[PDB]
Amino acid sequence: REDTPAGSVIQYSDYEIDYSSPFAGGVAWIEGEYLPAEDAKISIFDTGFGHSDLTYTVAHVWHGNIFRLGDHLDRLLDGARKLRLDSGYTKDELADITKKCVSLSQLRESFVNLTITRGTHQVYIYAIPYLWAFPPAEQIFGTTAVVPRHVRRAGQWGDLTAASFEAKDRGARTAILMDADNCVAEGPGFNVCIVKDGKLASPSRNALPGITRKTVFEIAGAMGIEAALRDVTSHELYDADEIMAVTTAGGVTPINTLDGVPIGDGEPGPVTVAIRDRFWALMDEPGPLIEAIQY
């Protein structure tokens, strides 16, 4: 189930999956049917994947709790209305379906996807094992990044793969891509936040579907930290007090070094750590942000 550092804010649930169920380990709901993830197949005529005509969001489940399911459905449905996608289901129906996908999977730790496409409009929901852009150890102890020399954004998951390969060839774990106008764009599968003089900044691109950075901004807010979506300059990145990766697939990752240069002392920054540890604490704290899945 992936090992996590002992005594760390990151711990998997302790429990037994009954694999006699064909649903164990991954459930996808397609066309009114809950089916094992392995057998979940979508028509080639779905003009969503065929012609990028879809809305989607990604959620997560941790310790049997699904995080901010309501906010995810509002965001998915908002997107549905802008694209004139009528799912045919209500918010409550989509909620019960998402929760049943997780329940039938038996996963206490799960990566969840909700998609609405133009098929007659189609809804696809899946719950599969929890996904890491960075392993648990790196979430705790921090990772290493470079700015690619051989790929920029404009001011394409191909760029992101190349950026990642170049990082690994230069002996770092990940890339922070810049754009044409020398502003921070993003990482392969994450957004970047910088901390400078107790303020937090993240690019305005908002490519990622998830709600993790919104949670980071709200956590920063409740910590008295000014947090802003805006253009982040090359200068701001290389002069940042802290840099962090933010994504649904692993949460908040300290970035210890950029182009082999330590950021602060070359260890996770104090604001990165406070936000990260709060994020994981939220997964066990009764309140509006979580619902327990019934297994």
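Numbering starts at 1 and runs along the sequence shown.
- Gap check for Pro135 to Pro136: zero deposited residues are absent from the model.
- Per the record, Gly155 and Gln156 are separated by a gap of 10 or more residues from the deposited sequence that were not modelled.
- Taking only CA atoms, the mean B-factor in the PDB entry is higher for 156-164 than for the other of 91-99 and 156-164.
- 52-60 and 245-253 differ in mean CA B-factor, and the higher of the two is recorded for 52-60.
- Out of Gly142, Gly171, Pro129, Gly198, the entry records its largest CA B-factor for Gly198.
- Between the residues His72, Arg118, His150, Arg213, the entry's highest C-alpha temperature factor is the one at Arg118.
- Among all modelled residues in this chain, the alpha-carbon of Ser202 has a temperature factor (C-alpha) in the middle third.
- Compared with the other modelled residues of the chain, the Cα B-factor recorded for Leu83 ranks in the highest third.
- In the deposited entry, the Cα temperature factor of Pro262 places it in the highest third of its chain's modelled residues.
- Sort the modelled residues of the chain by CA B factor and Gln106 lands in the middle third.
- In the PDB entry, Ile66 places in the lowest third of its chain by CA B-factor.
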